[PDB]
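# Structural description and commentary
Take a look at the letters that make up each chain.
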Amino acid sequence: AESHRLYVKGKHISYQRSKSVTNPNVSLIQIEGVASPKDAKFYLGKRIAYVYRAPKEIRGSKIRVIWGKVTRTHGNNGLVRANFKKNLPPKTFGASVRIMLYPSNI
Amino acid sequence: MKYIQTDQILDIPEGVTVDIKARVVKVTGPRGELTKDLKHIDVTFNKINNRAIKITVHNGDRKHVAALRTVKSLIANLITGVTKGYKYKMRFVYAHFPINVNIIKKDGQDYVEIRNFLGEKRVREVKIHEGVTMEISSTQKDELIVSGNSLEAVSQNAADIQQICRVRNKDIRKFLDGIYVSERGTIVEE
Amino acid sequence: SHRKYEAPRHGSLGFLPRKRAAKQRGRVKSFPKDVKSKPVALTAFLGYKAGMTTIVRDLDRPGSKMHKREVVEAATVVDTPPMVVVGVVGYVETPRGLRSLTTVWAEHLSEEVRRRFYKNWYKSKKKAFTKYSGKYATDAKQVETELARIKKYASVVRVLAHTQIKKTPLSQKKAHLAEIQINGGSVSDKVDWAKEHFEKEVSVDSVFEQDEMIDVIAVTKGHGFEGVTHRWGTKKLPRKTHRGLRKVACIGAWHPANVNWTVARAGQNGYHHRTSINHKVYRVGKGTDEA
Amino acid sequence: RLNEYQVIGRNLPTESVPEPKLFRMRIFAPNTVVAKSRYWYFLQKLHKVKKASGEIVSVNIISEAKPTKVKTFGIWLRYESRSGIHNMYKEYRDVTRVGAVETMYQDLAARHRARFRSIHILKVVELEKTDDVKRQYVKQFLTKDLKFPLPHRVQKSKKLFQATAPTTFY
Amino acid sequence: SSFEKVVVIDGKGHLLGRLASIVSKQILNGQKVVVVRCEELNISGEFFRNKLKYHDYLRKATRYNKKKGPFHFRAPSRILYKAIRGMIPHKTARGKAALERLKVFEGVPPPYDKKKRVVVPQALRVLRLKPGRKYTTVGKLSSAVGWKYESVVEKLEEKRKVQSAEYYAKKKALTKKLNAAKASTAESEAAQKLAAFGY
Amino acid sequence: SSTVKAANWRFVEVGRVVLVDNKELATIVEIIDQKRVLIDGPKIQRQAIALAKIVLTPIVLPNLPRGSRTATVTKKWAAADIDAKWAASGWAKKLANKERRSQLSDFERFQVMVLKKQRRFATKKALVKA
RNA sequence: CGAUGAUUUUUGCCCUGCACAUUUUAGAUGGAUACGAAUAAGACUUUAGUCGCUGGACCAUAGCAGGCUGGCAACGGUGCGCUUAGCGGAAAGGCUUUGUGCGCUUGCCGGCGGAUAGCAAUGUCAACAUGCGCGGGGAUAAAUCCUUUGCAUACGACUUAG
RNA sequence: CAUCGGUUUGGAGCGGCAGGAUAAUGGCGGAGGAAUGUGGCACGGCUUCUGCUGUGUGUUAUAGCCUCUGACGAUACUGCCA
Ligand SMILES: NC[C@@H]1O[C@H](O[C@H]2[C@@H](O)[C@H](O[C@@H]3[C@@H](O)[C@H](N)C[C@H](N)[C@H]3O[C@H]3O[C@H](CO)[C@@H](O)[C@H](O)[C@H]3N)O[C@@H]2CO)[C@H](N)[C@@H](O)[C@@H]1O
Ligand SMILES: [Mg+2]
Ligand SMILES: [Mg+2]
Ligand SMILES: [Mg+2]
Ligand SMILES: [Mg+2]
Ligand SMILES: [Mg+2]
Ligand SMILES: [Mg+2]
Ligand SMILES: [Mg+2]
Ligand SMILES: [Mg+2]
Ligand SMILES: [Mg+2]
Ligand SMILES: [Mg+2]
Ligand SMILES: [Mg+2]
Ligand SMILES: [Mg+2]
Ligand SMILES: [Mg+2]
Ligand SMILES: [Mg+2]
Ligand SMILES: [Mg+2]
Ligand SMILES: [Mg+2]
Ligand SMILES: [Mg+2]
Ligand SMILES: [Mg+2]
Ligand SMILES: [Mg+2]
Ligand SMILES: [Mg+2]
Ligand SMILES: [Mg+2]
Ligand SMILES: [Mg+2]
Ligand SMILES: [Mg+2]
Ligand SMILES: [Mg+2]
Ligand SMILES: [Mg+2]
Ligand SMILES: [Mg+2]
Ligand SMILES: [Mg+2]
Ligand SMILES: [Mg+2]
Ligand SMILES: [Mg+2]
Ligand SMILES: [Mg+2]
Ligand SMILES: [Mg+2]
Ligand SMILES: [Mg+2]
Ligand SMILES: [Mg+2]
Ligand SMILES: [Mg+2]
Ligand SMILES: [Mg+2]
Ligand SMILES: [Mg+2]
Ligand SMILES: [Mg+2]
Ligand SMILES: [Mg+2]
Ligand SMILES: [Mg+2]
Ligand SMILES: [Mg+2]
Ligand SMILES: [Mg+2]
Ligand SMILES: [Mg+2]
């Protein structure tokens, strides 16, 4: 097995925002291969993990995760709104996230 | 108005073989071959037979329809250039100063050398385009014969000769000196 | 409101900034355009300004009142001992400009040119170019490979030559090393000429003939910090002006609320890089000539 | 998006006049609220009646008789420009009487900047005979054996990037 | 819609501003973009109009010191870069990172001469403009406004195309041989099963 | 001779078969404008549509009069056997194979991979000696 | 931004193979999958057939993050290490190629192993950088202050000489 | 995770009922008509009539279309479904 991936590739695009004011409590996520709200509606409720690396070890591991979930679709081109336990830091704009396949309903 | 369809019919004489592929026309006749690229125009071609070609514009506006008969006329001029040739005759017009016109060759290039125009010490030189033949008429005094297959090159060389002989700082209604195109015809008389 | 009278501007904006040259050796910004049909020949030479003199010459200028009549003219002497060829550089045409590909050097360099690469020669072990001189070991195939690369890829070939400054009366021992573009012939012809001229002397009579018109690249005389009156040729203020008169009275309008780059200001004068063209060669003298 | 309505109305009956004349108009409106509004707009342009002194009697949709038969319609218009009031006559090809009016409203908006409020539809008539067609821009589609290609086809892509060269054959 | 490690776009036939906006949003969203052949880009409008526009751009300079004013870049890649940077919040750290994700070139230099170039249909000149309209090539406008290396690029592009044509002839020959080998293994058990699966 | 290369366009004419929505076949019965046509078919509703919403196929239903009604269109469609003509083209075959691929399960995809491994082995074996 | 010379008798420096540990990462998690040109035209296979109407393609993809062993059919495929030859200067720093050795092969079939992480918790598997141990190859400088100069100069800086 | 309750955004959602010109169409049957006139026929230009073609003629023939209509059967749109 050259491939071991069990998540769908995503990207942290933006916060929910107007022209001048941003709302960090909602993140906008682009799911790879999704181009319409009908396609993106498959992924509603699926949990999201942002995996990143940190200087200090916690229990011998330097990898920490912030978990979230898909709440609704956004717009017409298959973006979704996400809600994380802790808001995604703004420096992660353009960083890749993991769209989990659970809670599965297939 | 977006006219639904507009057509023009080329007529190809017996010894002429038009040849069109991707708006590049190559016309062959007894006198030779001429080629022209039309990639700047949106036209389509249908071969009706060996003697006629349909040139069509589909759903063309006023200007785009206007650009169709000019295509027809250009290809027809190519055909008559490769089946009859073109000949422009120029007459030398001067009141006092004789115009001394010679056909010289410098640096491997043919030139038309105009001297003494309005008494000027300046020597005017006009490059002779490729495929264009110059001749000093023997049957006529002060006559230049410009001939060739391509009408565009012949008329533009003739225009070059005419334009180089413009009068400056004078009343050009009075000082009518210059070299002017007097006859626009064909090599083969009709 | 406008100026009361319209006068021309003081100084040229095409020689800004009026700063010191980055080097004392003037550098050829542009070489003559290459013509393949010409024979392979040098386009430049290095010399030293000796001094000025005067000549008398019969003028050949029809229509002049001095025609066929003696004129007295100032002349400049440039001491030019033959230069020694020590290197060659190849240039490649790129979408970002000329780029140097390779520099090939000669086997033996004289001491005066090896002093060029040192600030403290007397304290050194003089190790420059010793391993490179070893690159010529019994087959010199590294040098031939680089030269073949130049022939294969270079579009511009320039030679590296230095002056023989030990033959001049100057006490300076550092030679002056410069790139002189090679014109004429194919790239292969230029490379063969450069290789075959390694460690050889080239004289001025092989670069310049008499009655030729040549250009001069040099750094002008330094004058240090200078006021506007002499730096820019501005009008002196009246004698009775408070705080001095060798100034520009108005250095700008109220708006733009800044000093413009076009206003004359005090600063460093001279020691500029200049290219001066159309100087006629009256004589190419020979050192061996007793007359 | 319009519908054709039949609106019938009358003046309110009086003891002097207990059966006023019933007047019908054909109104092209998006819905019945605008259909009854436009009705009173034109009756007060023609007859001494008001919405306060009148009564709407019937509103009925008039469906196309043959909605899949290609027709040519002539529409008679009265529109207001920036300077004056003008009469015009135009022709349209469509399968529904309503769909010709939708093209007409788009058409006078585009070539004359005439808004809906500035336009009166005097008459819409289906031209039965080919000799009834006066305008060339629709007469050119009534020729025998009409064929034409659609050169330079532009394909809309769902993806941002395409790995093959674009084409326009068709 | 797939996320690629690098997207190399062949800039030939692309309209300047539509490609600029698409590439700006792509690089803002964390995608690395390389644009090659910027001398073959296109601008809508005739050549003379764009020369006048560039002269309007050139007119603009800081009065008190011309060295502080706008820097009018003449290269086609820098024209595209200016168009993109006008569409980016380039004075923030995020815009600076997004601009680091982008590369623009004239011609096709190494290592991209042996990689795959794609097109962007939403920004292609041949698919957007009305078939009678006039357009400009950015390479000619660049030469007309000071770019010095047009003839160098065309000499190197002809050299690259000669090598790239040899590549395709080799690939077509090996593709033809593999098809003949795939024809031999047709009507085999795997092939029949793959035909029932749609392959 | 002349040797004029002519365009191989598909024409808007009475009798052209078109694809609608990548699912259904229909034929043009009468032309409304440069942009609009009237279409009909055995498995479609007779309607006026914009030419942008349909795709012309290289197939012409021969001898279809302009403005033919639904009964005439159905009868002539059955006579010309347009469904069989469509189903024999590489375009329809590619659509069918795309649908068939889209209906595969995970197990069937695994089997597809296995069969590809076997066929690639056979193909390389054949290729090395040919 | 390029080319080129020389690079500390210091326990200092360069290159390299292994091995380990660290800091950093604008953000690996099968593959950046290479004609050119036209578009009122194009591809392929020999002016005629086929093709497109999107990459929902192609290649790759099975094995404790992929174990331990055994057997057939083929003489192919692939990784790594030497090795042969050629090409590439636009920023070539890569693309091929000869012979050879060590592995694997899922093209096919056997025998054995995984549990208890308890119903999920990224459940840790990559490349860049730096340091340090060994091993091996390799080389053995300059600049500044100071004095001097006057092609220079307010002081810095600059041209010289020592 | 399951189930519940409150709020809420949806689905290519599925089914029943009602209204209208008791939709208009379409389909089937019958009657009439015309032309952007099908077959046929008569002159021609290119075809050994190889979708040959142009024009004339005329009214279903070796295509059809338009209008009216007779008995059914649907659908669109819109409301309602405790
Ligand atoms: N292969 C059937 C062909 O029908 C064609 O003729 C058709 C038309 O002439 C005729 O006209 C219309 C028709 O358009 C419309 N859709 C239906 C209408 N009832 C018909 O009307 C006519 O035909 C019917 C019989 O169908 C007769 O009962 C009626 O009297 C007559 N007026 O209907 C015929 C059948 O649809 C050909 N002209 C004829 O040569 C041939 O029989
Ligand atoms: Mg990570
Ligand atoms: Mg005048
Ligand atoms: Mg006068
Ligand atoms: Mg004043
Ligand atoms: Mg220069
Ligand atoms: Mg190097
Ligand atoms: Mg090098
Ligand atoms: Mg002084
Ligand atoms: Mg001094
Ligand atoms: Mg002074
Ligand atoms: Mg005073
Ligand atoms: Mg003071
Ligand atoms: Mg291309
Ligand atoms: Mg490759
Ligand atoms: Mg400049
Ligand atoms: Mg560590
Ligand atoms: Mg193509
Ligand atoms: Mg094929
Ligand atoms: Mg071929
Ligand atoms: Mg061919
Ligand atoms: Mg073909
Ligand atoms: Mg493919
Ligand atoms: Mg592949
Ligand atoms: Mg084994
Ligand atoms: Mg083996
Ligand atoms: Mg290197
Ligand atoms: Mg390097
Ligand atoms: Mg490789
Ligand atoms: Mg979890
Ligand atoms: Mg691990
Ligand atoms: Mg591990
Ligand atoms: Mg000093
Ligand atoms: Mg509830
Ligand atoms: Mg609930
Ligand atoms: Mg109902
Ligand atoms: Mg009915
Ligand atoms: Mg009728
Ligand atoms: Mg007939
Ligand atoms: Mg009914
Ligand atoms: Mg019913
Ligand atoms: Mg409903
Ligand atoms: Mg309900």
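Residues numbered from 1 in each chain as written, not as in the entry; some residues may be left out. Chains lettered and ligands numbered in written order. Part of a larger assembly, values for the part shown. Heavy atoms only, no water.

For this deposited structure, the header cites X-ray crystallography as the method used and 3.35 Å as the resolution.

Bringing the overall build of chain B into the picture now. On a plain count of helices and strands, chain B comes out with 2 helices and 12 strands. Reading the helices (α) and strands (β) of chain B from amino to carboxyl end gives β-β-β-β-β-α-β-β-β-β-β-β-α-β. The C-alpha atoms of chain B give 21 Å as radius of gyration, which overshoots the globular expectation for 190 residues (16 Å, by more than 25%). Dimensions of chain B along its principal axes, counting C-alpha atoms only, are 60 × 40 × 35 Å. Taking all 190 residues of chain B together, the buried fraction comes to 37%. Of the accessible surface of chain B, which amounts to about 10900 Å², a share of 47% is contributed by carbon and sulfur atoms. Across chain B, the mean location of the 32 positive side-chain charges is 4 Å away from that of the 24 negative side-chain charges. (Helix = DSSP H or I, 4+ residues; strand = E, 2+ residues; numbered from the N terminus. Rg over C-alpha atoms; globule rule 2.2 N^0.38 Å. Buried < 20%, exposed > 50% of the residue type's maximum accessible area, 1.4 Å probe, protein only. Areas by Shrake-Rupley, 256 points an atom, 1.4 Å probe, with all protein chains shown as cover. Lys, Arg positive; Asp, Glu negative; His and termini not counted. Charge placed at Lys NZ, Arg CZ, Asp CG, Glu CD.)

RNA strand H sits among 27 residues. The nearest are A:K41, D:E64, D:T130, D:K144 and F:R69. The separation between a phosphate oxygen of RNA strand H and a polar side-chain atom of D:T130 is 2.6 Å. Residue F:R69 places a side-chain N or O atom 2.6 Å away from a phosphate oxygen belonging to RNA strand H. Mapped onto the surface near RNA strand H, the elements with two or more residues apiece are strand 3 (54–61) of chain D together with helix 1 (70–80) of chain F. Considering every element that reaches the surface near RNA strand H, the biggest residue donor is helix 1 of chain F, with 5 residues. (Near = heavy atom within 4 Å. Polar contact = N/O pair within 3.5 Å; in protein donor to acceptor, adjacent residues only side chain to side chain.)

Attention now moves to the protein's contact with RNA strand G. Around RNA strand G, 148 residues are found, and the nearest of them are A:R5, B:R23, C:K123, E:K159 and F:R120. The sugar-phosphate backbone supplies 59% of the atoms of RNA strand G found within 4 Å of the protein. Here a phosphate oxygen of RNA strand G sits 2.9 Å away from a polar atom, N or O, in the side chain of A:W67. E:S164 has a polar side-chain atom sitting 2.6 Å from a sugar or linking oxygen of RNA strand G. Counting residues per element, the surface near RNA strand G draws most heavily on helix 4 (residues 106–128) of chain F, at 11 residues. A breakdown of the residues in the surface near RNA strand G according to their chemical character gives 52 nonpolar, 38 polar and 58 charged. (Nonpolar A, V, L, I, M, F, W, Y, C, P; charged D, E, K, R; others polar.)

Let us look at the interface of chain F and chain E. Counting residues at the interface gives 16 residues for chain F and 15 residues for chain E. Surface buried jointly by chain F and chain E totals about 1600 Å² across both partners, of which 66% is contributed by carbon and sulfur atoms. Summed over the three residues of chain F that lose the most area to chain E, namely F:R101, F:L115 and F:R119, the buried surface amounts to 38% of that side. Our count for the chain F to chain E interface comes out at 0 salt bridges. (Contact = heavy atoms within 4.5 Å. Buried area = accessible area lost by both parts, 1.4 Å probe. Salt bridge = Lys/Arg side-chain N within 4 Å of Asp/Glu carboxyl O.)

The next subject is the packing of helix 8 (residues 189–196) of chain E against helix 4 of chain F. Helix-helix packing is described using two parameters, namely the angle between the two axes and the distance between the axes. Helix 4 of chain F packs onto helix 8 of chain E with a crossing angle of 145° between their chain directions and a minimal axis gap of 9 Å. Judged by the twist between their axes, the crossing of helix 8 of chain E over helix 4 of chain F is left-handed. Listed contacts from helix 4 of chain F to E:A190, E:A191, E:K193 and E:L194 of helix 8 of chain E are F:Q111, F:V112, F:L115, F:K116, F:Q118 and F:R119. Class assignment for the residues of the contact of helix 8 of chain E with helix 4 of chain F results in 5 nonpolar, 2 polar and 3 charged. (Axes fitted to C-alpha atoms, helices over the stretch in contact; angles between N-to-C directions. Left-handed = near helix turned anticlockwise from the far one by under 90°.)

Turning our eyes to something else, we now look at helix 1 (residues 62–83) of chain B. Residue and element names in this part refer to chain B. Taking 1.5 Å as the rise per residue, helix 1 with 22 residues should run 32 Å; its terminal C-alpha atoms sit 33 Å apart, in good agreement. Within helix 1, the full set of buried residues consists of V65, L68, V71, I75, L78, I79, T80, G81 and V82. Among the structural elements, strand 1 (3–11), strand 2 (24–29), strand 3 (32–37), strand 4 (44–47), strand 5 (52–60) and strand 6 (86–93) are those in contact with the buried residues of helix 1. Following helix 1 by one or two positions, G85 has its phi on the positive side, about 80°. (Expected span 1.5 Å × (residues − 1).)

Residue and element names in this part refer to chain A. Residues annotated in UniProt with the feature "binding site: Mg(2+) 1" (unreviewed entry) correspond here to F84. Its place among the elements puts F84 in strand 5 (residues 79–84). By relative accessible area, which is 5% here, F84 ends up buried. Not counting residues up to four positions away in its chain, the partners in contact with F84 are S27, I48, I66, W67 and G68. (UniProt positions renumbered as here; feature names shortened; annotations may be inferred.)

Time to look at the pattern of salt bridges. According to the stated counting rule, one finds 36 salt bridges over all chains in the structure shown. Taking the shortest distance from any N to any O, the salt bridge between B:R173 and B:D171 comes out at 2.8 Å. Note on B:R173: relative accessible area 69%, which makes it exposed. Residue B:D171 is classed as partly exposed on the basis of its relative accessible area of 35%. We note a salt bridge from F:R36 to D:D94, for which the minimum N-O separation is 3.0 Å. Of this pair, F:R36 sits in strand 4 (residues 36–41) while D:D94 sits in strand 5 (residues 85–94), placing the two residues on different chains. Looking at F:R36, the relative accessible area reads 22%, which means it is partly exposed. For D:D94, a relative accessible area of 8% puts it in the buried group. What emerges from the salt-bridge pattern is a single network uniting E:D10, E:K12, E:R37, E:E40, E:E157 and E:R160.

A few words on a nonpolar patch on the surface. Residue and element names in this part refer to chain F. Taken together, the side chains of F107, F110, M113 and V114 make up a nonpolar region of the molecular surface, amounting to roughly 400 Å² of accessible area. Inspection of the secondary structure puts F107 in helix 4. Here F107 falls in the exposed class, since its relative accessible area comes to 57%. (Patch = residues over 30% accessible without salt bridge, like charges linked within 9 Å, V, L, I, M, F, W, Y side chains within 5 Å.)

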